[PDB]
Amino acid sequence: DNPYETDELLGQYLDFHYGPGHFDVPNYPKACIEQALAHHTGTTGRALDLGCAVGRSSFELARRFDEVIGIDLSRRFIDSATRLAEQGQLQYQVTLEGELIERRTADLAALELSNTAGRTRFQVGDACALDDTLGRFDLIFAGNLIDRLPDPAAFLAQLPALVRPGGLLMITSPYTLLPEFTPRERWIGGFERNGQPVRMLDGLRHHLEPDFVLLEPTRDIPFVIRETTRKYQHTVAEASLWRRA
């Protein structure tokens, strides 16, 4: 039932996280973490990467944080991230055209990520119901996650307790709201209420303030996902950075 446990998605996401770029758009997980690191003014002991997929943002965070925990619900994704952490490389297939496929390599050494791979730990888990043993963090990253969760409010309700005061929360999303992933009654934005628009960002503020303070302004970060030799997604996420009060 989970698309994120399929070979189709594995090949998209291993290319997206570790492959060459497309249309001269920079690697997206790396671009996201560059922005988080440019704004984090706290200590660098511990970061949490929620919805980490096959782990590029977690390895990027590990260049600066002593410990990085990456959590994703997809076991196929997490098994790839762990293999990269432990062996430094893996191979995968991408679609060329129809059934014609091509084998490719992901390599942490080539990306200058192998030296700190030991600072990562990857686990399967549900971001809407995180273990109560997880502790708290100096920095939390949730990339392209909130529009893929069935209970966004339940996810957000954990975050004040998960971030130390003075720490940083970074959420990015293109707000691709879909009933397949979020029941309409659980949307926190993307609709009209009492005849006025409620944007997803308004929903984020309602749930996070004043425990977090939004660093203004929000920023657009684009990304490209390769599906075949010829077909790509090209999308503009909104990044919002939040300081814990």
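Residue positions are given as counts along the sequence shown, with the first one as 1.
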Practice item. Mind pulling up the entry and telling me whether 201-209 or 186-194 has the higher mean Cα temperature factor? Key: 186-194
Point to revise | Segment of higher mean CA temperature factor, 18-26 or 229-237 | key: 18-26
**Study point:** Options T95, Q158, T116, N144 - largest CA temperature factor per the record
**Key:** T116
**Study point:** Candidate residues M170, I71, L162, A110, the one whose C-alpha B factor the record puts highest
**Key:** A110
Check your understanding: Considering only modelled residues of the same chain, in which third does the CA B-factor of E99 rank: lowest, middle or highest?
Key -> middle
Review point. Going by the entry, which third of its chain does the Cα temperature factor of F181 land in?
Key: highest
Point to revise | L215 CA temperature factor, ranked by third within the chain | key: highest
**Study point:** CA B-factor ranking of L48, expressed as a third of its chain
**Key:** lowest
Practice item. Classify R83 as lowest, middle or highest third according to the C-alpha B-factor given in the PDB entry, relative to its own chain. Key: lowest
